[PDB]
Amino acid sequence: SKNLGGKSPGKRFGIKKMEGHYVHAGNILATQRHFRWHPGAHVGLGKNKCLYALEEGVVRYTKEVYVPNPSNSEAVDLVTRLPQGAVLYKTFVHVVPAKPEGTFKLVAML
Amino acid sequence: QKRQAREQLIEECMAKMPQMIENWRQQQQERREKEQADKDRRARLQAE
Amino acid sequence: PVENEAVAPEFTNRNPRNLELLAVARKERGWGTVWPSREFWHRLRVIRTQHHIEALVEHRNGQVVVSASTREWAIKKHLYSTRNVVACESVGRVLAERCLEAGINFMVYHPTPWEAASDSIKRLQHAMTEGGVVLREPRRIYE
Amino acid sequence: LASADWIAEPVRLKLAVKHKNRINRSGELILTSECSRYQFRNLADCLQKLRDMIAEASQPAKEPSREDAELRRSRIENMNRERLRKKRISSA
Amino acid sequence: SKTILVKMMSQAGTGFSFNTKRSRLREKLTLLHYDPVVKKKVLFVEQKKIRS
Amino acid sequence: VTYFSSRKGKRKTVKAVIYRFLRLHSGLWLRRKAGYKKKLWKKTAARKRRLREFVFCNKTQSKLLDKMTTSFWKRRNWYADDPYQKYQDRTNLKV
Amino acid sequence: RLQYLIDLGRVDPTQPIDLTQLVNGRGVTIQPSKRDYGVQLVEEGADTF
Amino acid sequence: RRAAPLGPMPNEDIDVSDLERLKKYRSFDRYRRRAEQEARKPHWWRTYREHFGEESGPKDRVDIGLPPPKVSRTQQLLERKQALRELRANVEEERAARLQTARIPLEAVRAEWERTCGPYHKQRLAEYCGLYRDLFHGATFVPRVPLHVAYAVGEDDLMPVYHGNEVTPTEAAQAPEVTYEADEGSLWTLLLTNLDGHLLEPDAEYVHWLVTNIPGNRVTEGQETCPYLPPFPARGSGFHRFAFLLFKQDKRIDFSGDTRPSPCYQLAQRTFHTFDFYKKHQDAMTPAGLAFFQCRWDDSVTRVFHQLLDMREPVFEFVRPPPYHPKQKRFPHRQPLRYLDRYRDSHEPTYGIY
RNA sequence: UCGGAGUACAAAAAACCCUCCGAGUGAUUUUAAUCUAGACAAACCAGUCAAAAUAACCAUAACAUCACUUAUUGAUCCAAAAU
Ligand SMILES: [Mg+2]
Ligand SMILES: [Mg+2]
Ligand SMILES: [Mg+2]
Ligand SMILES: [Mg+2]
Ligand SMILES: [Mg+2]
Ligand SMILES: [Mg+2]
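Chains as they are written, first to last, in the authors' numbering: chain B0, 39 to 148; chain Bv, 112 to 159; chain BS, 38 to 180; chain Bu, 104 to 195; chain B6, 13 to 64; chain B8, 94 to 188; chain BP, 100 to 148; chain Bb, 27 to 380.
This is the structure in structure tokens:
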């Protein structure tokens, strides 16, 4: 026949944790084919572009201004051609950290 | 005797390492310059 | 016993500067789609207007902690040509001074590749270094 | 520590230097072990620690080598509080 | 063109091997790799030809 | 599986299990990952690690293996020098 | 277990204690057919002993 | 199903029709700037700032200050214009500029700074370190009078206390030299407080050194309420912050209530709330100067607790929370062997009946 | 058999002897380590990410890169190799 091999299963690309959820460090917050959500505060980026939590806490999604890295040719070109008032916005994921960093305890009284 | 032979071999070849990798770095840096000099001496002979 | 001897097991340290000085605090890992890296306790920020040179020391809160500007009368009146390389060096020295006085010895500086090549900034960094302020913050502990 | 005669005087004094942190206001040197559920193993850990301390203190060849990793902050903040300390006028 | 799977050996005297896809019409391969036993970056030179 | 043997009338074990699995005494079975010696040059070091693991089997597999295996293999073993003696009891399990 | 056996007068510490004595107090069970090579002594009750 | 934007959408302003006639920033840098200005405005959508704690956001500041110095705008402006004309006039200066050789007389800049915008910088450093948050709770004052504090480390050695700086307790074993500029109809009160490091009471602090009814710049002439007590952080806890406060008072104030014994080595006796103490005398006292320093445990402090306070010495650790493990499952599936160790109690064999 | 787009309009999944493009690899040097919290995905088998900690290197130096990058692949046993 003419048409062939269109058959492949879904990749289950989606957003795993949602706004307001609790997370433990290392949880995958999302997984994506192209950048849809960008990693924000305390969110690590994997090499497959999936976002995971670096800290125990609460997930939050946010719109924010996008200022690409100057080592990236494409993005700087896209930014450079904008009309003088315009600002790129994107969607970010953060984890607002929950536990305090650590505590001070009384070891021994000398 | 096996352990001492292994350790001997390892010390022996670890003493030879900087000379080897330096020699090979010079070898490759000489190869690159040989090829580039070829390409320039060809570029100038085609230009003329 | 002694009425002084009472302690309580858990010590509350109310001081916000503390865990940073100890290096134990949390930097902000993340972003890394965007730029610059927001991972730091303190960051040196150098803004160059066509007129004035302004060097700020920032906290990730965005709050300016200690700064030196050329609009400032103290610096403006002693020297000449606010936009010069001379001015950058100057501001750097002033800022180093005020930083030591503020108790902050470490900060991160993330310049642009072409700002790193420029003279004014090379000498800003030199002034900052001889001033005793190290760029490149200490690592985190159990990061 | 001062009343312990089974250790020499130079060593008895050098111990009270390095270990002054774990010494007590009553003059006592306190060692502690934790790990095993068996206190034979804890006692043994303590005794081995003590043996080691008396070992390194009785060695005059101990150079007390310090790492730069956690001490970089210490050297630099030291030097940088020394830039300010350098103001010279007599006082009091 | 075909590529080839070569077995590369350490010059650190430690028997250690790793295989690499290498161009058939190219020269004998030599690299700077990591040897785990010596725990160093060392010179590896291709000992053998494994798969074609 | 032979449920009743011909000579003894007992129940036989399937030896093909006993070569690839390991039964801790708790009832957990332990196995190698599949394809861990296969085509190593072609794989990531991360994947290679994931392959070099010893992993646990889900309940279904476990029950299947238990059926395929006689009583002798479920006995409490004390071996001298045994790596796995550490792992044969279960601890802190609230169910 | 050794202490608990001595306390209850199963094995007596007075005469020497070897494998047969442990077996006769039923403090321990050996099955050579399973390649048991004998008893080993472990430290669980060390402090209490 | 669409919803309707609430207020303005960000780029809705510029015209898409005729893009060629619109000016662009062809600079990465201009863009970066514009973006950082956009990142500071109060948007109507969920933002980073909102969740990450701008720390009360907008706050109306109760201000207990000294009134700002009154100076003529136009006069000052003219004088500065002239000074800069003069300085720009010289050829020597220009030579110093082109050839990259020039220096700024840092002492004079420190002088002008102390005179001009210094108070504000010191203020925001104090806000940064949360002096105002633990002292007056809501209140911000601008340090109009400069406060110069120093310690004698030896005969020739002088260790200054600037705002925020680090000092060792060895240096601070003695009462410091204090200097500020006032003529005398004046009366002042100087205060040294340890903002944290109180052992029992999280919300309370220690008064180390409290002096009162201070004529002019004369330090020793004032009657000391609380005798100088050297800094004593505890070994474990890092970096306590000590605060020198200066109050301009009008009427002579006498307090038998706040007066402490002459040796006063009891901790219950020095327990202090700067807020309360200020509430009391609030009518006469107006806080003027400020200088504060960071201080961490060092050797000498051990002598304090034993020798002075007649105490054992408390030592602390930094204790991190135990790592989080999921509920243990009967049949951990496809999990590494070392799984069974995460739920392990302690590493030791235990033979139950055996 | 594997992948991309539509079918399948906005979390996931989703069929057809349905509509369309592809893969069974090149090229390159930056030759891309050990160990381990927590997860994704999932009938099973297989697949995916990944903090901290070690060791390598500037002497606080761990994502190979490009071609739409996604796919360029194959279990046991058994054979050859000797590590
Ligand atoms: Mg499809
Ligand atoms: Mg399908
Ligand atoms: Mg038995
Ligand atoms: Mg004006
Ligand atoms: Mg799932
Ligand atoms: Mg790491």
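Cβ coordinates follow ideal geometry from the N, Cα and C atoms, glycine included.
Around the Cβ of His132 (chain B0), a 10 Å sphere holds 16 or more other Cβ atoms; the residue is buried.
Under the Cβ criterion of 7 Å, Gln151 (chain Bu) is not counted among the residues facing chain BP. It is roughly 48 Å from the alpha-carbon of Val122 (chain BS) to the alpha-carbon of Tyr254 (chain Bb). At a C-beta separation below 8 Å, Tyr158 (chain Bb) has no neighbours in chain BP, since its nearest C-beta there lies roughly 57 Å away.
Short of 6 Å from the beta carbon of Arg71 (chain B0), and not among the five residues preceding or following it, lie these beta carbons of its own chain, in chain order: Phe51. In terms of Cβ geometry, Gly190 (chain Bb) and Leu151 (chain Bb) form a close pair [threshold 7 Å].
Taking a 10 Å sphere around the C-beta of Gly82 (chain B0), we find 16 or more other C-beta atoms and assign the residue as buried. Below the 8 Å Cβ cutoff, chain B0 contributes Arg98, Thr100, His132 and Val134 as neighbours of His77 (chain Bb), in chain order.
For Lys117 (chain Bu), the enclosing alpha helix (DSSP H) covers residues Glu112 to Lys121. Comparing alpha-carbon positions, the option among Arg114 (chain Bb), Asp336 (chain Bb), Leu366 (chain Bb) and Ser263 (chain Bb) lying closest to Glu57 (chain BS) turns out to be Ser263 (chain Bb). Taking 8 Å as the cut-off between beta carbons, the residues of the region 356-377 of chain Bb near chain BP are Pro375, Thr376 and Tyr377, in sequence order.
Taking the beta carbon of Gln126 (chain Bb) as reference, no residue of chain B8 falls within 9 Å; the closest one sits roughly 52 Å away.
Scanning its chain for C-beta atoms nearer than 6 Å, with the 5 sequence neighbours on each side dropped, one finds around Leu236 (chain Bb) the residues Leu217, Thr251 and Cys252, in chain order.
Taking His88 (chain BS) as the centre and dropping the five residues before and after it, the same chain places the C-beta of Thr119 and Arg120 closer than 7 Å to its C-beta, in chain order. Residue environment: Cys138 (chain Bu) is assigned as exposed (fewer than 16 neighbouring CB atoms within 10 Å of its CB, all protein chains considered).
Annotated as distal: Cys125 (chain BS) and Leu81 (chain BS), with beta-carbon spacing of 7 Å or more. Residues of the region 142-155 of chain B8 with a Cβ closer than 8 Å to any Cβ of chain Bb, in chain order: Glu146, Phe147, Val148, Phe149, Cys150, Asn151, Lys152 and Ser155. With respect to the 7 Å criterion, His79 (chain BS) and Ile158 (chain BS) are not classified as neighbours on the basis of their beta carbons. Rounded to the nearest whole angstrom, the CA to CA distance from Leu366 (chain Bb) to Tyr180 (chain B8) is 7 Å. Within the same chain, and ignoring the five residues on either side of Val49 (chain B6) in sequence, the residues whose Cβ sits closer than 7 Å to its Cβ are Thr26 and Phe28. Using a cutoff of 6 Å, the CB of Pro47 (chain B0) counts as near ligand 2, since one of the ligand's heavy atoms is closer than that.
At a cut-off of 7 Å between beta-carbon atoms, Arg120 (chain BS) makes no contact with chain Bb. DSSP, reduced to helix, strand and coil, places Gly144 (chain Bb) within a helical segment of the structure shown. Counting the other Cβ atoms within 10 Å of the Cβ of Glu180 (chain Bu) gives 16 or more, which makes it buried. Residue-level contact check: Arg178 (chain Bu) does not touch chain BS, since none of the beta carbons of chain BS fall below 7 Å from its beta carbon.
Excluding its 5 nearest sequence neighbours in each direction, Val330 (chain Bb) has C-beta neighbours in its own chain below 7 Å: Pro256 and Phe258, listed in chain order. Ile116 (chain BP) and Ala145 (chain BP) have their C-alpha atoms roughly 18 Å apart.
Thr141 (chain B0) is the residue among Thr141 (chain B0), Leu89 (chain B0), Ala91 (chain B0) and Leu148 (chain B0) whose C-alpha sits nearest the C-alpha of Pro347 (chain Bb). Between the region 33-47 of chain Bb and the region 148-158 of chain Bu, the count of C-beta pairs closer than 8 Å stays below three; the two stretches do not touch. In this structure, the CA atom of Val42 (chain Bb) is about 47 Å from the CA atom of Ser39 (chain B0). Along the region 122-136 of chain Bu, going in chain order, the ones with a CB nearer than 7 Å to a CB of chain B0 are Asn127 and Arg128. According to the DSSP assignment, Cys124 (chain Bv) belongs to the alpha helix (DSSP H) that extends over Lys113 to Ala126. The beta-carbon of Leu148 (chain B0) is placed less than 7 Å from the nearest beta-carbon of chain Bu. Per DSSP, reduced to three states, the secondary structure at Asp155 (chain Bu) is helical. Closest in C-alpha terms to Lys19 (chain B6), from the list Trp134 (chain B8), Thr153 (chain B8) and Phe147 (chain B8), comes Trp134 (chain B8).
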